[PDB]
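So the structure is just underneath, and the comments pick up after that.
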Amino acid sequence: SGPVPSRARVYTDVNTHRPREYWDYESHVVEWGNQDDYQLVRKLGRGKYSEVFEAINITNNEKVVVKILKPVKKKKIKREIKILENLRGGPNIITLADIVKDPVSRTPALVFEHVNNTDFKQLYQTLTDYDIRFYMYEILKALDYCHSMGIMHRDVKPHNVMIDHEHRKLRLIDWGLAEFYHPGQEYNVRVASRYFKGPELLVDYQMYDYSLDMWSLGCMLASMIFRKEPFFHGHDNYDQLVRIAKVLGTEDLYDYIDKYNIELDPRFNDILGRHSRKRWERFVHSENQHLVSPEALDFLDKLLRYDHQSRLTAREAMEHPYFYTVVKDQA
Ligand SMILES: CC(=O)c1[nH]c2ccc(F)cc2c1-c1cn(CC2CCN(CCNS(=O)(=O)c3ccc(-c4c(O)cccc4F)cc3)CC2)nn1
Ligand SMILES: [Cl-]
């Protein structure tokens with residue numbers, strides 16, 4: 001036969017219970033403003049699907065970010081917009097403030113609240129163990145919210161987390177890969193960034209769920225606390241899985257494959273090999289020990305599992321002892 005079906009352990013039917021217009025983004029009609037309200041100041045970054053500019057709203061002098069979309073499928077634009085609107089006001093979700101089209105070229109852009117991330121290379125290399133716990137909690141607040149709202153982010157990774165440390169402000173950004181979760185729907189595995197792709201995506205298991213975001217969360221925590229960017233440094237999609245096999249081991253991988261009756265690409269035959277599951281200690285050394293603790297390693301081990309159904313949910317994660325101290329201060 002073919003694969004064994006899978007359903008998310010939490011928020012399973014959340015979208016079944018909502019009215020249709022909530023998730024049927026194909027039919028959302030969009031209302032465009034004039035980009036001429038917004039004047040671009042400088043460029044902030046590029047990417048596969050967009051360029052991002054700092055801009056000024058000339059009607060109220062407010063500073064904003066304009067995200068000019070490169071040509072995506074028309075329905076992916078509706079999708080991102082509908083997701084952003086559904087999540088607007090949620091904890092640590094970037095707030096969408098406008099939808100405009102260039103008046104001549106007719107290119108669409110989204111307008112967001114500005115997050116000030118400048119002097120971030122300092123931030124990277126100087127977050128305390130406490131700050132990492134803090135910002136992990138902030139990320140998790142964003143993921144529990146969007147998962148509870150029936151939405152898979154699918155592209156969690158440091159570049160899609162914006163932090164303004166001066167104001168301990170974190171926003172989860174770029175929802176253009178996000179999808180609504182529906183039980184039984186088979187999704188596109190060609191999502192996320194290579195180093196953050198979950199095993200489900202690498203073996204072509206299409207019926208995945210919110211747990212994917214938590215595998216990605218796992219790869220950021222590991223690469224933060226070990227100081228190894230990226231943690232799983234694969235050289236293509238196939239070899240990405242080998243690199244995970246070299247840490248998680250092959251026994252658990254092949255048990256996962258068997259559990260879900262996954263057809264494994266015959267390419268993986270020769271390369272996956274035979275690998276023992278490593279202890280997290282072999283990634284510790286004097287330069288990163290200050291960020292590694294028993295709690296951090298228990299927490300991380302519970303995110304990086306082959307079987308998506310067995311990874312910690314966002315909510316379960318926020319309850320881990322790792323965050324005991326963060327939870328206390330918030331109060
Ligand atoms: C791209 C895009 O659609 C976009 N759309 C927007 C909408 C509104 C807006 F205003 C801006 C944009 C942008 C947007 C994108 N950019 C450029 C990048 C430059 C690289 N940094 C990554 C470092 N992050 S960061 O907070 O230091 C960071 C991240 C994570 C951690 C971390 C970790 O990796 C692991 C554990 C704990 C952690 F905290 C640390 C720092 C992010 C911004 N600027 N604006
Ligand atoms: Cl964005």
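Labeling convention for the structure tokens: chains A, B, ... as they appear, residues from 1 per chain, ligands from 1 in order of appearance.
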Exercise. Kindly provide, as a PyMOL selection string, all nucleotide and amino acid residues lying within 7 Å of ligand 1, counting only C-alpha atoms and all ligand atoms.
Key: chain A and resi 44-47+50-52+65+67+94+112-117+120-121+123-124+131-133+135-136+157-164+173-174+220-221+224
As an mmCIF file with N, CA and C atoms, in the first residue's frame, which residues of range 195-268 of chain A does DSSP assign to helix (DSSP H, G or I)?
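Below is the file selection_38.cif, written as the result:
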```cif
data_model
loop_
_atom_site.group_PDB
_atom_site.id
_atom_site.type_symbol
_atom_site.label_atom_id
_atom_site.label_comp_id
_atom_site.auth_asym_id
_atom_site.auth_seq_id
_atom_site.Cartn_x
_atom_site.Cartn_y
_atom_site.Cartn_z
ATOM 1 N N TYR A 195 18.297 23.849 5.659
ATOM 2 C CA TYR A 195 18.830 23.405 6.941
ATOM 3 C C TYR A 195 17.765 23.228 7.997
ATOM 4 N N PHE A 196 16.532 23.649 7.720
ATOM 5 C CA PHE A 196 15.433 23.633 8.683
ATOM 6 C C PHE A 196 14.306 22.687 8.281
ATOM 7 N N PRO A 199 12.364 16.062 8.843
ATOM 8 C CA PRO A 199 12.435 14.732 8.211
ATOM 9 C C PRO A 199 11.225 14.380 7.349
ATOM 10 N N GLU A 200 10.021 14.763 7.772
ATOM 11 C CA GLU A 200 8.848 14.503 6.938
ATOM 12 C C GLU A 200 9.026 15.078 5.536
ATOM 13 N N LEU A 201 9.573 16.294 5.432
ATOM 14 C CA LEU A 201 9.784 16.893 4.116
ATOM 15 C C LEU A 201 10.879 16.163 3.332
ATOM 16 N N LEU A 202 11.916 15.666 4.028
ATOM 17 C CA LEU A 202 13.050 15.019 3.360
ATOM 18 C C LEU A 202 12.709 13.626 2.842
ATOM 19 N N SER A 211 3.545 20.261 13.725
ATOM 20 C CA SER A 211 4.758 19.762 14.348
ATOM 21 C C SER A 211 5.988 20.139 13.534
ATOM 22 N N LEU A 212 5.830 20.331 12.219
ATOM 23 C CA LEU A 212 6.949 20.735 11.379
ATOM 24 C C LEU A 212 7.626 21.979 11.922
ATOM 25 N N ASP A 213 6.834 22.976 12.313
ATOM 26 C CA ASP A 213 7.428 24.202 12.826
ATOM 27 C C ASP A 213 8.313 23.916 14.027
ATOM 28 N N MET A 214 7.977 22.887 14.793
ATOM 29 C CA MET A 214 8.733 22.609 15.997
ATOM 30 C C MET A 214 10.051 21.927 15.672
ATOM 31 N N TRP A 215 10.092 21.107 14.626
ATOM 32 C CA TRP A 215 11.397 20.651 14.176
ATOM 33 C C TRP A 215 12.273 21.830 13.796
ATOM 34 N N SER A 216 11.702 22.812 13.098
ATOM 35 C CA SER A 216 12.469 23.998 12.731
ATOM 36 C C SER A 216 12.885 24.772 13.963
ATOM 37 N N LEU A 217 11.966 24.964 14.902
ATOM 38 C CA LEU A 217 12.366 25.569 16.159
ATOM 39 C C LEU A 217 13.559 24.819 16.763
ATOM 40 N N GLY A 218 13.541 23.491 16.680
ATOM 41 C CA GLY A 218 14.638 22.711 17.218
ATOM 42 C C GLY A 218 15.967 23.061 16.579
ATOM 43 N N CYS A 219 15.980 23.266 15.253
ATOM 44 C CA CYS A 219 17.245 23.554 14.585
ATOM 45 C C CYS A 219 17.780 24.916 14.973
ATOM 46 N N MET A 220 16.908 25.897 15.258
ATOM 47 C CA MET A 220 17.446 27.174 15.734
ATOM 48 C C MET A 220 17.987 27.064 17.145
ATOM 49 N N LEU A 221 17.314 26.336 18.030
ATOM 50 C CA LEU A 221 17.807 26.232 19.396
ATOM 51 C C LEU A 221 19.177 25.556 19.415
ATOM 52 N N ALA A 222 19.308 24.447 18.685
ATOM 53 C CA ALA A 222 20.573 23.725 18.638
ATOM 54 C C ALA A 222 21.692 24.603 18.089
ATOM 55 N N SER A 223 21.423 25.333 17.000
ATOM 56 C CA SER A 223 22.483 26.144 16.413
ATOM 57 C C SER A 223 22.776 27.394 17.245
ATOM 58 N N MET A 224 21.802 27.875 18.032
ATOM 59 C CA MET A 224 22.083 28.931 19.010
ATOM 60 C C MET A 224 22.987 28.426 20.137
ATOM 61 N N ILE A 225 22.603 27.323 20.782
ATOM 62 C CA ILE A 225 23.255 26.980 22.039
ATOM 63 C C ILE A 225 24.586 26.278 21.800
ATOM 64 N N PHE A 226 24.717 25.550 20.689
ATOM 65 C CA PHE A 226 25.998 24.951 20.329
ATOM 66 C C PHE A 226 26.894 25.906 19.559
ATOM 67 N N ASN A 237 19.038 18.204 -0.474
ATOM 68 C CA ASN A 237 17.914 17.657 0.287
ATOM 69 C C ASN A 237 18.196 16.230 0.739
ATOM 70 N N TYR A 238 18.761 15.411 -0.137
ATOM 71 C CA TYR A 238 19.085 14.046 0.246
ATOM 72 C C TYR A 238 20.090 14.034 1.396
ATOM 73 N N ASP A 239 21.255 14.641 1.166
ATOM 74 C CA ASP A 239 22.298 14.716 2.184
ATOM 75 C C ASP A 239 21.821 15.439 3.445
ATOM 76 N N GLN A 240 20.817 16.308 3.337
ATOM 77 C CA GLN A 240 20.281 16.897 4.559
ATOM 78 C C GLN A 240 19.797 15.810 5.516
ATOM 79 N N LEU A 241 19.105 14.793 4.987
ATOM 80 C CA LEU A 241 18.613 13.719 5.836
ATOM 81 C C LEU A 241 19.757 12.894 6.398
ATOM 82 N N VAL A 242 20.799 12.646 5.588
ATOM 83 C CA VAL A 242 21.981 11.952 6.089
ATOM 84 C C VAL A 242 22.560 12.698 7.284
ATOM 85 N N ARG A 243 22.666 14.022 7.179
ATOM 86 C CA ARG A 243 23.238 14.777 8.283
ATOM 87 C C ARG A 243 22.381 14.629 9.538
ATOM 88 N N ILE A 244 21.053 14.558 9.388
ATOM 89 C CA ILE A 244 20.206 14.296 10.549
ATOM 90 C C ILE A 244 20.427 12.878 11.050
ATOM 91 N N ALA A 245 20.543 11.916 10.132
ATOM 92 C CA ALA A 245 20.818 10.532 10.519
ATOM 93 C C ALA A 245 22.096 10.413 11.330
ATOM 94 N N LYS A 246 23.091 11.264 11.044
ATOM 95 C CA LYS A 246 24.383 11.144 11.716
ATOM 96 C C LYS A 246 24.308 11.612 13.160
ATOM 97 N N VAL A 247 23.292 12.394 13.496
ATOM 98 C CA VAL A 247 23.037 12.822 14.865
ATOM 99 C C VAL A 247 21.921 12.007 15.523
ATOM 100 N N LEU A 248 20.728 11.998 14.918
ATOM 101 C CA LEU A 248 19.611 11.258 15.506
ATOM 102 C C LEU A 248 19.757 9.746 15.386
ATOM 103 N N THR A 250 20.144 6.155 12.656
ATOM 104 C CA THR A 250 19.282 5.606 11.627
ATOM 105 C C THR A 250 18.206 4.693 12.182
ATOM 106 N N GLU A 251 18.418 4.109 13.363
ATOM 107 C CA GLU A 251 17.424 3.182 13.891
ATOM 108 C C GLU A 251 16.072 3.875 14.038
ATOM 109 N N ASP A 252 16.069 5.087 14.599
ATOM 110 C CA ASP A 252 14.808 5.783 14.790
ATOM 111 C C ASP A 252 14.252 6.268 13.462
ATOM 112 N N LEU A 253 15.126 6.562 12.501
ATOM 113 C CA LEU A 253 14.666 6.985 11.183
ATOM 114 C C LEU A 253 13.930 5.852 10.488
ATOM 115 N N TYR A 254 14.541 4.664 10.460
ATOM 116 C CA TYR A 254 13.928 3.527 9.796
ATOM 117 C C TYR A 254 12.716 3.009 10.550
ATOM 118 N N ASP A 255 12.606 3.298 11.844
ATOM 119 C CA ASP A 255 11.388 2.936 12.553
ATOM 120 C C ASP A 255 10.253 3.870 12.174
ATOM 121 N N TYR A 256 10.572 5.156 12.020
ATOM 122 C CA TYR A 256 9.635 6.142 11.500
ATOM 123 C C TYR A 256 9.171 5.763 10.110
ATOM 124 N N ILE A 257 10.119 5.493 9.211
ATOM 125 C CA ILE A 257 9.758 5.091 7.858
ATOM 126 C C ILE A 257 8.777 3.932 7.905
ATOM 127 N N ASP A 258 9.073 2.936 8.735
ATOM 128 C CA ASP A 258 8.219 1.760 8.819
ATOM 129 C C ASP A 258 6.865 2.112 9.413
ATOM 130 N N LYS A 259 6.853 2.986 10.420
ATOM 131 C CA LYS A 259 5.610 3.281 11.114
ATOM 132 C C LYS A 259 4.577 3.866 10.161
ATOM 133 N N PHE A 268 18.295 7.420 -1.337
ATOM 134 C CA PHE A 268 18.718 7.310 0.056
ATOM 135 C C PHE A 268 19.363 5.970 0.375
#
```
Practice problem: Have a look at A:21, A:129, A:98, A:80 and name the one nearest to ligand 2; count only C-alpha atoms and all ligand atoms. | Solution: A:80
Quiz item: Residues of range 5-116 of chain A in strand (DSSP E or B) according to DSSP, as a ChimeraX atom specification?
Solution: /A:33-34,38-45,50-57,63-69,93,96-101,108-113
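The smallest atom-to-atom distance between ligand 2 and any of A:42, A:171, A:101, A:275, using only C-alpha atoms and all ligand atoms, is found for A:171.
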Exercise. Go through A:280, A:175, A:145, A:137 and flag the residue nearest ligand 2, using only C-alpha atoms and all ligand atoms for the distances.
Key: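 The closest residue to ligand 2 is A:175.
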Quiz item: For residue 127 in chain A, which of A:151, A:291, A:99, A:4 is the closest residue, counting only C-alpha atoms?
Solution: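 So, comparing all the options, the nearest one is A:291.
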Quiz item: Of the candidates A:55, A:312, A:8, A:84, which shows the shortest atom-to-atom distance to ligand 2, using only C-alpha atoms and all ligand atoms?
Solution: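 Of A:55, A:312, A:8, A:84, the one nearest ligand 2, counting only C-alpha atoms and all ligand atoms, is A:84.
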Quiz item: Which one is closest to residue 330 in chain A: A:183, A:108, A:138, A:310? Count only C-alpha atoms.
Solution: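 Distance minimum relative to residue 330 in chain A lands on A:138.
The two atoms in question, CA of residue 155 in chain A and CA of residue 191 in chain A, are spaced 7.1 Å apart.
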Practice problem: Show which residues sit within 10 Å of residue 209 in chain A, as an MDAnalysis selection string. Count only C-alpha atoms, and ignore same-chain residues fewer than 6 positions away. | Solution: chainID A and resid 6:12 147 150:154 179:187 200 308:309
Quiz prompt | Between CA of residue 286 in chain A and CA of residue 122 in chain A - distance in Å to one decimal | solution = 20.1 Å
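Between CA of residue 107 in chain A and CA of residue 192 in chain A lies a distance of 24.4 Å.
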